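The file work-v1.pdb comes next; it holds PDB, C-alpha atoms and all ligand atoms.
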ATOM      1  CA  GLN S   1     107.585  69.863 -19.727
ATOM      2  CA  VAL S   2     104.943  67.225 -19.353
ATOM      3  CA  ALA S   3     102.066  68.278 -17.142
ATOM      4  CA  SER S   4      98.873  66.876 -15.655
ATOM      5  CA  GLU S   5      95.394  68.025 -16.489
ATOM      6  CA  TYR S   6      94.065  71.088 -14.724
ATOM      7  CA  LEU S   7      92.324  69.952 -11.545
ATOM      8  CA  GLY S   8      89.825  72.424 -10.200
ATOM      9  CA  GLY S   9      87.454  75.156 -11.243
ATOM     10  CA  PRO S  10      87.193  78.314 -13.321
ATOM     11  CA  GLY S  11      87.463  80.886 -10.552
ATOM     12  CA  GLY S  12      90.386  83.025  -9.534
ATOM     13  CA  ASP S  13      93.359  84.208 -11.552
ATOM     14  CA  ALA S  14      95.968  82.153 -13.308
ATOM     15  CA  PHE S  15      99.425  81.530 -11.891
ATOM     16  CA  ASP S  16     102.317  79.501 -13.251
ATOM     17  CA  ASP S  17     105.561  78.861 -11.384
ATOM     18  CA  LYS S  18     107.466  77.799 -14.535
ATOM     19  CA  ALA S  19     109.874  80.722 -14.380
ATOM     20  CA  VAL S  20     110.551  80.840 -10.655
ATOM     21  CA  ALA S  21     111.077  77.068 -10.802
ATOM     22  CA  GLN S  22     114.220  77.638 -12.886
ATOM     23  CA  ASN S  23     115.871  78.747  -9.640
ATOM     24  CA  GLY S  24     116.090  75.139  -8.503
ATOM     25  CA  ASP S  25     114.377  71.966  -7.440
ATOM     26  CA  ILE S  26     111.601  72.292  -4.865
ATOM     27  CA  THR S  27     113.202  72.607  -1.437
ATOM     28  CA  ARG S  28     110.180  73.437   0.762
ATOM     29  CA  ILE S  29     106.381  73.059   0.782
ATOM     30  CA  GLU S  30     104.225  75.580   2.642
ATOM     31  CA  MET S  31     100.441  75.362   2.810
ATOM     32  CA  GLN S  32      97.643  76.788   4.949
ATOM     33  CA  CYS S  33      95.458  73.976   6.180
ATOM     34  CA  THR S  34      92.037  73.697   7.821
ATOM     35  CA  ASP S  35      89.178  71.517   6.640
ATOM     36  CA  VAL S  36      90.384  72.580   3.174
ATOM     37  CA  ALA S  37      93.729  73.752   1.759
ATOM     38  CA  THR S  38      93.581  77.539   1.465
ATOM     39  CA  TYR S  39      96.984  78.333  -0.048
ATOM     40  CA  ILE S  40     100.118  76.700  -1.408
ATOM     41  CA  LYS S  41     103.587  78.259  -1.579
ATOM     42  CA  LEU S  42     106.634  76.349  -2.819
ATOM     43  CA  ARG S  43     110.326  77.272  -2.623
ATOM     44  CA  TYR S  44     112.421  76.595  -5.732
ATOM     45  CA  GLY S  45     116.032  76.317  -4.768
ATOM     46  CA  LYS S  46     116.457  79.357  -2.555
ATOM     47  CA  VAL S  47     113.542  81.326  -4.052
ATOM     48  CA  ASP S  48     110.010  81.267  -2.676
ATOM     49  CA  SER S  49     107.124  81.609  -5.043
ATOM     50  CA  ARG S  50     104.100  83.692  -4.166
ATOM     51  CA  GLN S  51     101.379  82.703  -1.772
ATOM     52  CA  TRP S  52      98.888  81.103  -4.196
ATOM     53  CA  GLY S  53      95.707  81.335  -2.174
ATOM     54  CA  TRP S  54      94.314  83.237   0.787
ATOM     55  CA  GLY S  55      94.658  86.482  -1.120
ATOM     56  CA  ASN S  56      93.849  88.573   1.923
ATOM     57  CA  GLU S  57      92.739  88.112   5.490
ATOM     58  CA  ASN S  58      89.163  89.092   4.669
ATOM     59  CA  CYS S  59      88.869  85.774   2.866
ATOM     60  CA  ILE S  60      87.677  84.636   6.308
ATOM     61  CA  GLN S  61      84.299  85.859   5.071
ATOM     62  CA  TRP S  62      83.973  82.704   2.947
ATOM     63  CA  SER S  63      86.103  79.935   4.476
ATOM     64  CA  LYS S  64      88.067  78.934   7.521
ATOM     65  CA  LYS S  65      91.679  80.077   7.276
ATOM     66  CA  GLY S  66      93.773  77.255   8.718
ATOM     67  CA  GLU S  67      97.290  76.926  10.021
ATOM     68  CA  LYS S  68     100.601  77.198   8.222
ATOM     69  CA  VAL S  69     102.246  73.857   7.490
ATOM     70  CA  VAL S  70     105.875  73.817   6.371
ATOM     71  CA  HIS S  71     107.661  70.695   5.193
ATOM     72  CA  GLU S  72     111.333  71.278   4.359
ATOM     73  CA  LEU S  73     112.540  68.793   1.801
ATOM     74  CA  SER S  74     115.971  67.344   2.231
ATOM     75  CA  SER S  75     118.562  67.347  -0.538
ATOM     76  CA  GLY S  76     117.566  64.732  -3.068
ATOM     77  CA  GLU S  77     113.950  64.635  -1.856
ATOM     78  CA  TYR S  78     111.251  65.292  -4.408
ATOM     79  CA  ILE S  79     107.490  64.939  -4.698
ATOM     80  CA  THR S  80     106.460  61.800  -6.575
ATOM     81  CA  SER S  81     102.699  61.772  -5.897
ATOM     82  CA  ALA S  82      99.850  64.243  -5.364
ATOM     83  CA  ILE S  83      96.400  63.139  -4.244
ATOM     84  CA  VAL S  84      94.002  66.019  -4.790
ATOM     85  CA  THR S  85      90.312  66.190  -3.916
ATOM     86  CA  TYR S  86      88.554  68.923  -5.790
ATOM     87  CA  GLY S  87      85.410  70.285  -7.298
ATOM     88  CA  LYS S  88      85.032  73.926  -8.145
ATOM     89  CA  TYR S  89      88.043  74.435  -5.819
ATOM     90  CA  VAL S  90      90.909  72.307  -4.593
ATOM     91  CA  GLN S  91      89.712  70.847  -1.293
ATOM     92  CA  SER S  92      92.749  68.849  -0.199
ATOM     93  CA  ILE S  93      96.313  68.070  -1.195
ATOM     94  CA  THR S  94      98.295  65.013  -0.039
ATOM     95  CA  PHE S  95     101.901  64.901  -1.198
ATOM     96  CA  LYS S  96     104.227  61.891  -1.182
ATOM     97  CA  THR S  97     107.963  62.215  -1.804
ATOM     98  CA  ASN S  98     110.599  59.663  -2.635
ATOM     99  CA  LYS S  99     111.377  59.783   1.105
ATOM    100  CA  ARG S 100     108.088  59.972   2.982
ATOM    101  CA  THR S 101     104.380  60.668   2.830
ATOM    102  CA  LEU S 102     103.207  63.984   4.126
ATOM    103  CA  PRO S 103      99.967  64.530   6.025
ATOM    104  CA  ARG S 104      97.055  65.709   3.913
ATOM    105  CA  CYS S 105      96.439  69.467   3.868
ATOM    106  CA  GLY S 106      92.657  69.744   4.188
ATOM    107  CA  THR S 107      90.952  67.422   6.650
ATOM    108  CA  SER S 108      87.851  66.913   4.491
ATOM    109  CA  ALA S 109      88.447  64.558   1.544
ATOM    110  CA  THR S 110      84.885  64.359   0.263
ATOM    111  CA  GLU S 111      85.288  65.832  -3.249
ATOM    112  CA  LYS S 112      86.310  63.791  -6.292
ATOM    113  CA  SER S 113      89.829  62.376  -5.897
ATOM    114  CA  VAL S 114      92.714  62.145  -8.369
ATOM    115  CA  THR S 115      96.180  60.638  -7.811
ATOM    116  CA  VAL S 116      98.931  62.145 -10.020
ATOM    117  CA  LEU S 117     102.290  60.364 -10.077
ATOM    118  CA  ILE S 118     105.369  62.348 -11.080
ATOM    119  CA  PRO S 119     108.379  60.088 -11.727
ATOM    120  CA  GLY S 120     111.584  61.996 -11.147
ATOM    121  CA  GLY S 121     109.849  64.553  -8.987
ATOM    122  CA  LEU S 122     107.478  67.430  -9.432
ATOM    123  CA  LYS S 123     109.161  70.383 -11.076
ATOM    124  CA  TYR S 124     106.565  73.100 -10.330
ATOM    125  CA  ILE S 125     102.844  73.938 -10.126
ATOM    126  CA  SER S 126     100.484  76.149 -12.088
ATOM    127  CA  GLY S 127      96.786  76.829 -11.397
ATOM    128  CA  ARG S 128      94.259  79.450 -10.363
ATOM    129  CA  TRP S 129      94.011  81.252  -7.067
ATOM    130  CA  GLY S 130      92.236  83.858  -5.036
ATOM    131  CA  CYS S 131      90.827  83.442  -1.542
ATOM    132  CA  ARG S 132      91.480  79.744  -2.124
ATOM    133  CA  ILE S 133      93.209  77.358  -4.541
ATOM    134  CA  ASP S 134      90.756  77.261  -7.419
ATOM    135  CA  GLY S 135      92.838  74.708  -9.292
ATOM    136  CA  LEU S 136      96.213  73.033  -9.697
ATOM    137  CA  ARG S 137      98.255  71.555 -12.536
ATOM    138  CA  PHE S 138     101.421  69.536 -11.923
ATOM    139  CA  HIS S 139     104.500  69.887 -14.136
ATOM    140  CA  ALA S 140     107.224  67.255 -14.462
ATOM    141  CA  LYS S 141     110.901  68.028 -15.016
ATOM    142  CA  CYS S 142     111.010  67.514 -18.801
TER     143      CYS S 142
ATOM    144  CA  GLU L   1     116.947  56.538 -15.245
ATOM    145  CA  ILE L   2     113.528  57.971 -14.378
ATOM    146  CA  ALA L   3     110.740  55.426 -14.053
ATOM    147  CA  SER L   4     107.299  55.223 -12.448
ATOM    148  CA  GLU L   5     106.368  52.859  -9.659
ATOM    149  CA  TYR L   6     105.134  49.403 -10.608
ATOM    150  CA  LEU L   7     101.356  49.365 -11.087
ATOM    151  CA  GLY L   8      99.837  45.911 -10.843
ATOM    152  CA  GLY L   9     100.052  42.558  -9.133
ATOM    153  CA  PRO L  10     102.614  39.805  -8.590
ATOM    154  CA  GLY L  11     101.330  37.212 -11.059
ATOM    155  CA  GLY L  12     102.610  36.477 -14.489
ATOM    156  CA  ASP L  13     106.184  36.786 -15.709
ATOM    157  CA  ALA L  14     108.420  39.834 -15.658
ATOM    158  CA  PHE L  15     109.159  41.547 -18.955
ATOM    159  CA  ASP L  16     111.369  44.570 -19.631
ATOM    160  CA  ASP L  17     111.643  46.367 -22.979
ATOM    161  CA  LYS L  18     115.000  48.034 -22.205
ATOM    162  CA  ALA L  19     116.922  46.115 -24.875
ATOM    163  CA  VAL L  20     114.382  46.169 -27.675
ATOM    164  CA  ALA L  21     113.880  49.890 -27.128
ATOM    165  CA  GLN L  22     117.417  50.496 -28.420
ATOM    166  CA  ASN L  23     115.778  50.073 -31.858
ATOM    167  CA  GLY L  24     114.340  53.582 -31.548
ATOM    168  CA  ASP L  25     111.654  55.863 -30.173
ATOM    169  CA  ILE L  26     108.158  54.460 -29.843
ATOM    170  CA  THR L  27     106.273  54.644 -33.133
ATOM    171  CA  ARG L  28     103.198  52.482 -32.468
ATOM    172  CA  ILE L  29     101.025  51.276 -29.575
ATOM    173  CA  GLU L  30      99.313  47.915 -30.075
ATOM    174  CA  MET L  31      96.863  46.668 -27.461
ATOM    175  CA  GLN L  32      94.024  44.187 -27.124
ATOM    176  CA  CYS L  33      90.959  45.848 -25.672
ATOM    177  CA  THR L  34      87.690  44.585 -24.254
ATOM    178  CA  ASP L  35      86.234  45.409 -20.828
ATOM    179  CA  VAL L  36      89.873  45.221 -19.724
ATOM    180  CA  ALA L  37      93.171  45.615 -21.565
ATOM    181  CA  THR L  38      94.550  42.116 -22.235
ATOM    182  CA  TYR L  39      97.892  42.781 -23.917
ATOM    183  CA  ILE L  40     100.243  45.601 -24.841
ATOM    184  CA  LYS L  41     103.006  45.517 -27.457
ATOM    185  CA  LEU L  42     104.884  48.684 -28.368
ATOM    186  CA  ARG L  43     106.991  49.194 -31.453
ATOM    187  CA  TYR L  44     110.409  50.765 -31.072
ATOM    188  CA  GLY L  45     111.623  52.242 -34.324
ATOM    189  CA  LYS L  46     110.678  49.456 -36.678
ATOM    190  CA  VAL L  47     110.879  46.584 -34.143
ATOM    191  CA  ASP L  48     108.115  45.212 -31.925
ATOM    192  CA  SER L  49     108.442  43.734 -28.492
ATOM    193  CA  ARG L  50     106.947  40.366 -27.853
ATOM    194  CA  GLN L  51     103.233  40.386 -27.067
ATOM    195  CA  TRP L  52     102.905  41.077 -23.327
ATOM    196  CA  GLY L  53      99.592  39.492 -22.396
ATOM    197  CA  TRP L  54      97.025  37.080 -23.830
ATOM    198  CA  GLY L  55      99.619  34.341 -23.498
ATOM    199  CA  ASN L  56      97.415  31.729 -25.199
ATOM    200  CA  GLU L  57      93.928  31.279 -26.552
ATOM    201  CA  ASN L  58      92.899  29.139 -23.577
ATOM    202  CA  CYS L  59      92.985  32.396 -21.612
ATOM    203  CA  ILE L  60      89.372  32.833 -22.797
ATOM    204  CA  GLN L  61      88.502  30.395 -20.010
ATOM    205  CA  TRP L  62      89.423  33.103 -17.494
ATOM    206  CA  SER L  63      88.538  36.429 -19.185
ATOM    207  CA  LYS L  64      87.318  37.989 -22.428
ATOM    208  CA  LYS L  65      89.889  38.492 -25.216
ATOM    209  CA  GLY L  66      89.038  41.676 -27.075
ATOM    210  CA  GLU L  67      89.929  43.403 -30.314
ATOM    211  CA  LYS L  68      93.278  44.551 -31.653
ATOM    212  CA  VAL L  69      93.765  48.331 -31.349
ATOM    213  CA  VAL L  70      96.683  50.100 -33.084
ATOM    214  CA  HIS L  71      97.718  53.728 -32.654
ATOM    215  CA  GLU L  72     100.380  54.990 -35.042
ATOM    216  CA  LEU L  73     102.407  57.834 -33.603
ATOM    217  CA  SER L  74     103.448  60.583 -35.923
ATOM    218  CA  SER L  75     107.129  61.417 -35.935
ATOM    219  CA  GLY L  76     107.955  63.638 -32.995
ATOM    220  CA  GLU L  77     104.812  62.391 -31.233
ATOM    221  CA  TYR L  78     105.580  60.871 -27.845
ATOM    222  CA  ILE L  79     103.555  59.417 -24.960
ATOM    223  CA  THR L  80     103.414  61.859 -22.039
ATOM    224  CA  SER L  81     101.081  60.233 -19.551
ATOM    225  CA  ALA L  82      98.839  57.274 -18.921
ATOM    226  CA  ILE L  83      95.753  56.925 -16.802
ATOM    227  CA  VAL L  84      95.928  53.389 -15.433
ATOM    228  CA  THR L  85      93.196  51.643 -13.492
ATOM    229  CA  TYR L  86      94.573  48.605 -11.744
ATOM    230  CA  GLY L  87      94.376  46.115  -8.920
ATOM    231  CA  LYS L  88      95.454  42.486  -9.065
ATOM    232  CA  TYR L  89      96.026  43.322 -12.769
ATOM    233  CA  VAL L  90      96.020  46.340 -15.042
ATOM    234  CA  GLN L  91      92.347  46.919 -15.887
ATOM    235  CA  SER L  92      92.428  49.828 -18.358
ATOM    236  CA  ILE L  93      94.952  52.201 -19.924
ATOM    237  CA  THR L  94      94.285  55.640 -21.408
ATOM    238  CA  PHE L  95      97.398  56.901 -23.172
ATOM    239  CA  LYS L  96      98.001  60.580 -23.758
ATOM    240  CA  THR L  97     100.616  62.009 -26.124
ATOM    241  CA  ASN L  98     101.997  65.505 -26.549
ATOM    242  CA  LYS L  99      99.440  65.831 -29.390
ATOM    243  CA  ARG L 100      96.266  64.037 -28.256
ATOM    244  CA  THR L 101      94.383  62.074 -25.650
ATOM    245  CA  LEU L 102      93.813  58.599 -27.093
ATOM    246  CA  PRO L 103      90.886  56.225 -26.551
ATOM    247  CA  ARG L 104      90.863  54.060 -23.441
ATOM    248  CA  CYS L 105      91.852  50.420 -23.845
ATOM    249  CA  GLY L 106      89.506  48.694 -21.440
ATOM    250  CA  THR L 107      85.912  49.936 -21.115
ATOM    251  CA  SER L 108      85.817  49.229 -17.370
ATOM    252  CA  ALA L 109      87.617  51.827 -15.267
ATOM    253  CA  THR L 110      86.262  50.782 -11.887
ATOM    254  CA  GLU L 111      89.465  49.849 -10.023
ATOM    255  CA  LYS L 112      92.054  52.206  -8.491
ATOM    256  CA  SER L 113      93.039  54.924 -10.966
ATOM    257  CA  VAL L 114      96.291  56.853 -11.233
ATOM    258  CA  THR L 115      97.566  59.381 -13.723
ATOM    259  CA  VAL L 116     101.251  58.721 -14.507
ATOM    260  CA  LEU L 117     103.200  61.647 -15.951
ATOM    261  CA  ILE L 118     106.006  60.361 -18.168
ATOM    262  CA  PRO L 119     108.520  63.199 -18.211
ATOM    263  CA  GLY L 120     110.097  63.822 -21.611
ATOM    264  CA  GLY L 121     108.056  61.087 -23.298
ATOM    265  CA  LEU L 122     107.796  57.360 -22.752
ATOM    266  CA  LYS L 123     111.056  55.530 -23.531
ATOM    267  CA  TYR L 124     109.876  51.963 -22.885
ATOM    268  CA  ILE L 125     107.788  49.845 -20.571
ATOM    269  CA  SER L 126     108.399  46.949 -18.234
ATOM    270  CA  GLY L 127     105.975  44.899 -16.158
ATOM    271  CA  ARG L 128     104.496  41.445 -15.765
ATOM    272  CA  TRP L 129     102.341  39.455 -18.144
ATOM    273  CA  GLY L 130     100.378  36.261 -18.681
ATOM    274  CA  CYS L 131      96.776  35.850 -19.761
ATOM    275  CA  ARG L 132      96.570  39.542 -18.927
ATOM    276  CA  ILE L 133      98.757  42.563 -18.174
ATOM    277  CA  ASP L 134      99.631  41.840 -14.548
ATOM    278  CA  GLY L 135     101.351  45.198 -14.087
ATOM    279  CA  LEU L 136     103.244  48.011 -15.770
ATOM    280  CA  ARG L 137     106.146  50.353 -15.139
ATOM    281  CA  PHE L 138     106.764  53.328 -17.428
ATOM    282  CA  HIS L 139     110.351  54.304 -18.170
ATOM    283  CA  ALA L 140     110.762  57.993 -19.052
ATOM    284  CA  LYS L 141     113.272  59.701 -21.305
ATOM    285  CA  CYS L 142     114.281  62.200 -18.632
TER     286      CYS L 142
HETATM  287  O1  LIG V   1      86.998  88.761  -1.913
HETATM  288  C1  LIG V   1      86.511  88.806  -3.257
HETATM  289  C2  LIG V   1      85.792  87.505  -3.568
HETATM  290  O2  LIG V   1      86.442  86.483  -2.861
HETATM  291  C3  LIG V   1      85.998  85.193  -3.229
HETATM  292  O3  LIG V   1      86.243  84.981  -4.620
HETATM  293  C4  LIG V   1      87.526  84.944  -4.933
HETATM  294  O4  LIG V   1      88.238  83.805  -4.530
HETATM  295  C5  LIG V   1      87.755  82.603  -5.127
HETATM  296  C6  LIG V   1      88.596  81.437  -4.609
HETATM  297  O5  LIG V   1      89.930  81.793  -4.796
HETATM  298  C7  LIG V   1      87.732  82.681  -6.660
HETATM  299  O6  LIG V   1      87.061  81.577  -7.205
HETATM  300  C8  LIG V   1      87.034  83.958  -7.154
HETATM  301  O7  LIG V   1      87.064  84.058  -8.574
HETATM  302  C9  LIG V   1      87.682  85.152  -6.442
HETATM  303  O8  LIG V   1      87.089  86.365  -6.839
HETATM  304  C10 LIG V   1      84.510  85.040  -2.910
HETATM  305  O9  LIG V   1      84.034  83.795  -3.413
HETATM  306  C11 LIG V   1      83.683  86.204  -3.444
HETATM  307  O10 LIG V   1      82.389  86.157  -2.844
HETATM  308  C12 LIG V   1      84.346  87.537  -3.119
HETATM  309  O11 LIG V   1      83.688  88.607  -3.765
END
In structure tokens, write the structure found in this file.
Ligand SMILES: OC[C@H]1O[C@H](O[C@H]2O[C@H](CO)[C@@H](O)[C@H](O)[C@H]2O)[C@H](O)[C@@H](O)[C@@H]1O
Amino acid sequence: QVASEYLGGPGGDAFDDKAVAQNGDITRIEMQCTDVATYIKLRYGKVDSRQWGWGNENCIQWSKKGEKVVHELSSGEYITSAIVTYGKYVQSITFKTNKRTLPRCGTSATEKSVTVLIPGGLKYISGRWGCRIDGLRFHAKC
Amino acid sequence: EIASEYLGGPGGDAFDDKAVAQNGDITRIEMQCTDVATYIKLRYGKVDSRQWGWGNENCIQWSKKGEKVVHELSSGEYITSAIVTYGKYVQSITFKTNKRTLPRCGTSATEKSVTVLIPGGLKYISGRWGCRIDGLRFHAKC
């Protein structure tokens, strides 16, 4: 389907949730949040994707870790907007749904900002990951 | 139907291309481009909408007019996103298709920017118009 540009840097390893997303619409958002967002993990239908970020606990060598933030989406709720601050890594992620606006993951919002609107709801994410979220791309439903 | 939020201000007159878009998929983008985008007029199949913007030549007493820009879409080419900078009016529009990123209409990109994904390709637009493009909504195919 249609996707956004890649937002982020060249580090890490590529991931793409296209296949796991075929299990269903996003039902849950999980992130690890401190002054930056350190991982993202979505659930597609009943099927969690991988933890994309915070590859192992020794990543504390290079960044704060943060706390786990879970937002369960209700039936018929979908993400219509992503505000992402980023440079060589994703710094922060603020999601809005057709039902409500979620708190930003990442308290610092100092990097360049981009707002991506997804009519009909975000289908899935791809990007690059390691100790952090090197980059994100947003994929619509067709 | 899947459609983006309305991007713009409350001035002008509402337009909606729903009916004229029954004439077919979008085959051409026509705009008027200066420091800002001053009208848009898409072609559906062989049939154009009315000109949405630059209502009359006295509009030069409020803003610059600009030059006609035409992008012909190849068959099977469809519009997949738009970067829109906007405030009281639409300032600039940068259309992207499944085949290429097109030139910006509107050299100034200084107001609020958003990247609208248009899942499945752009079906038609609606919005508000007058001397300028007061605002736009993008209607997606799926
Ligand atoms: O622990 C190994 C390395 O961890 C960091 O680098 C990784 O994580 C980054 C953010 O996800 C990626 O950009 C990078 O490509 C990964 O290797 C850290 O920056 C390095 O110093 C460590 O060697």
Given 8 Å and only C-alpha atoms and all ligand atoms, residues near ligand LIG 1 (chain V) as a PyMOL selection string: chain S and resi 9-13+53-56+58-59+62+88-89+128-134
What does the PyMOL selection byres ((chain L) within 6 of (chain S)) select in this file, as a PDB file with C-alpha atoms, in the coordinates of the input?
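Below is the file part-v9.pdb, written as the result:
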ATOM      1  CA  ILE L   2     113.528  57.971 -14.378  1.00  0.00           C
ATOM      2  CA  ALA L   3     110.740  55.426 -14.053  1.00  0.00           C
ATOM      3  CA  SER L   4     107.299  55.223 -12.448  1.00  0.00           C
ATOM      4  CA  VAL L 114      96.291  56.853 -11.233  1.00  0.00           C
ATOM      5  CA  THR L 115      97.566  59.381 -13.723  1.00  0.00           C
ATOM      6  CA  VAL L 116     101.251  58.721 -14.507  1.00  0.00           C
ATOM      7  CA  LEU L 117     103.200  61.647 -15.951  1.00  0.00           C
ATOM      8  CA  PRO L 119     108.520  63.199 -18.211  1.00  0.00           C
ATOM      9  CA  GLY L 120     110.097  63.822 -21.611  1.00  0.00           C
TER      10      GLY L 120
END
When you look at range 18-28 of chain S with a cut-off of 6 Å (counting all atoms listed in the file), what residues show up, excluding the ones that are within fewer than 4 positions of it in the same chain? I need them as a ChimeraX atom specification. /S:42-45,71-73
Would you translate the PyMOL selection byres (((chain L and resi 97) around 10) and not hetatm) into the concrete set of residues it matches in this file, as a ChimeraX atom specification? /S:2 /L:73,77-82,95-96,98-102,118,121-122
To test your reading of the syntax: which residues would the PyMOL selection byres (((chain L and resi 123-131) around 7) and not hetatm) return for the file shown? Reply as an MDAnalysis selection string. chainID L and resid 12:18 21 25 52:56 59 121:122 132:141
List as number ranges by chain the protein and nucleic acid residues near residue 105 in chain S, meaning an atom at most 7 Å away when all atoms listed in the file are counted, but skip any in the same chain fewer than 2 places from it. S: 33, 36-37, 92-94, 103, 107
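Coordinates place CA of residue 89 in chain L at a distance of 18.4 Å from CA of residue 57 in chain L.
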One decimal place gives the CA of residue 70 in chain L-CA of residue 9 in chain L separation as 25.3 Å
Who sits within 6 Å of residue 86 in chain S, all atoms listed in the file, same chain under 2 positions skipped, as a PyMOL selection string: chain S and resi 8+89-91+111-112
Write a file of the selected residues as a PDB file, in the coordinates of the input, keeping C-alpha atoms.
ATOM      1  CA  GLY S   8      89.825  72.424 -10.200  1.00  0.00           C
ATOM      2  CA  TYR S  89      88.043  74.435  -5.819  1.00  0.00           C
ATOM      3  CA  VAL S  90      90.909  72.307  -4.593  1.00  0.00           C
ATOM      4  CA  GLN S  91      89.712  70.847  -1.293  1.00  0.00           C
ATOM      5  CA  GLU S 111      85.288  65.832  -3.249  1.00  0.00           C
ATOM      6  CA  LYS S 112      86.310  63.791  -6.292  1.00  0.00           C
TER       7      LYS S 112
END
Determine the nearest neighbour of residue 50 in chain L from the options L:104, L:75, L:20, L:86, counting all atoms listed in the file.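 The answer is L:20, which sits nearest to residue 50 in chain L.
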Between CA of residue 32 in chain S and CA of residue 69 in chain S, measure the distance and give it in Å to one decimal.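 Interatomic distance here is 6.0 Å.
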Here is a test: counting all atoms listed in the file, which residue of S:51, S:38, S:101, S:63 is nearest to residue 16 in chain S?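 The closest residue to residue 16 in chain S is S:51.
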Please list as a JSON list (two decimals) with C-alpha atoms, in the coordinates of the input every residue within 8 Å of residue 44 in chain L, counting only C-alpha atoms and excluding residues in the same chain fewer than 4 positions away.
[["chain", "number", "residue", "atom", "x", "y", "z"],
["L", 20, "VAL", "CA", 114.38, 46.17, -27.68],
["L", 21, "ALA", "CA", 113.88, 49.89, -27.13],
["L", 22, "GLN", "CA", 117.42, 50.50, -28.42],
["L", 23, "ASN", "CA", 115.78, 50.07, -31.86],
["L", 24, "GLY", "CA", 114.34, 53.58, -31.55],
["L", 25, "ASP", "CA", 111.65, 55.86, -30.17],
["L", 26, "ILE", "CA", 108.16, 54.46, -29.84],
["L", 27, "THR", "CA", 106.27, 54.64, -33.13],
["L", 28, "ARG", "CA", 103.20, 52.48, -32.47],
["L", 48, "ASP", "CA", 108.12, 45.21, -31.92],
["L", 49, "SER", "CA", 108.44, 43.73, -28.49]]
With all atoms of range 116-134 of chain L from the file as input, state the centre and edge lengths in Å to one decimal of the axis-aligned box that has 4 Å extra on each side, as AutoDock Vina command-line options.
--center_x 103.8 --center_y 49.8 --center_z -19.0 --size_x 22.5 --size_y 36.0 --size_z 17.0
Got a minute to add N, CA and C atoms to range 29-40 of chain S and dump it as a PDB file, keeping the file's coordinate frame?
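The resulting file, result03.pdb, is shown below:
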ATOM      1  N   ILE S  29     107.814  72.974   1.038  1.00  0.00           N
ATOM      2  CA  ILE S  29     106.381  73.059   0.782  1.00  0.00           C
ATOM      3  C   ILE S  29     105.741  73.815   1.942  1.00  0.00           C
ATOM      4  N   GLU S  30     104.981  74.857   1.634  1.00  0.00           N
ATOM      5  CA  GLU S  30     104.225  75.580   2.642  1.00  0.00           C
ATOM      6  C   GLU S  30     102.774  75.647   2.195  1.00  0.00           C
ATOM      7  N   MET S  31     101.863  75.268   3.083  1.00  0.00           N
ATOM      8  CA  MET S  31     100.441  75.362   2.810  1.00  0.00           C
ATOM      9  C   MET S  31      99.744  75.891   4.052  1.00  0.00           C
ATOM     10  N   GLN S  32      98.529  76.399   3.855  1.00  0.00           N
ATOM     11  CA  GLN S  32      97.643  76.788   4.949  1.00  0.00           C
ATOM     12  C   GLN S  32      96.491  75.791   4.982  1.00  0.00           C
ATOM     13  N   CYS S  33      96.267  75.178   6.140  1.00  0.00           N
ATOM     14  CA  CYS S  33      95.458  73.976   6.180  1.00  0.00           C
ATOM     15  C   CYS S  33      94.407  74.060   7.274  1.00  0.00           C
ATOM     16  N   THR S  34      93.144  73.835   6.888  1.00  0.00           N
ATOM     17  CA  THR S  34      92.037  73.697   7.821  1.00  0.00           C
ATOM     18  C   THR S  34      91.219  72.502   7.347  1.00  0.00           C
ATOM     19  N   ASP S  35      89.897  72.603   7.287  1.00  0.00           N
ATOM     20  CA  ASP S  35      89.178  71.517   6.640  1.00  0.00           C
ATOM     21  C   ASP S  35      89.455  71.483   5.144  1.00  0.00           C
ATOM     22  N   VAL S  36      89.958  72.570   4.566  1.00  0.00           N
ATOM     23  CA  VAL S  36      90.384  72.580   3.174  1.00  0.00           C
ATOM     24  C   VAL S  36      91.794  73.178   3.129  1.00  0.00           C
ATOM     25  N   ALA S  37      92.457  73.054   1.978  1.00  0.00           N
ATOM     26  CA  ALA S  37      93.729  73.752   1.759  1.00  0.00           C
ATOM     27  C   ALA S  37      93.436  75.143   1.224  1.00  0.00           C
ATOM     28  N   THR S  38      93.936  76.185   1.890  1.00  0.00           N
ATOM     29  CA  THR S  38      93.581  77.539   1.465  1.00  0.00           C
ATOM     30  C   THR S  38      94.692  78.292   0.747  1.00  0.00           C
ATOM     31  N   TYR S  39      95.961  77.875   0.877  1.00  0.00           N
ATOM     32  CA  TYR S  39      96.984  78.333  -0.048  1.00  0.00           C
ATOM     33  C   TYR S  39      98.129  77.322  -0.125  1.00  0.00           C
ATOM     34  N   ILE S  40      98.895  77.461  -1.200  1.00  0.00           N
ATOM     35  CA  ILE S  40     100.118  76.700  -1.408  1.00  0.00           C
ATOM     36  C   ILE S  40     101.234  77.664  -1.796  1.00  0.00           C
TER      37      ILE S  40
END
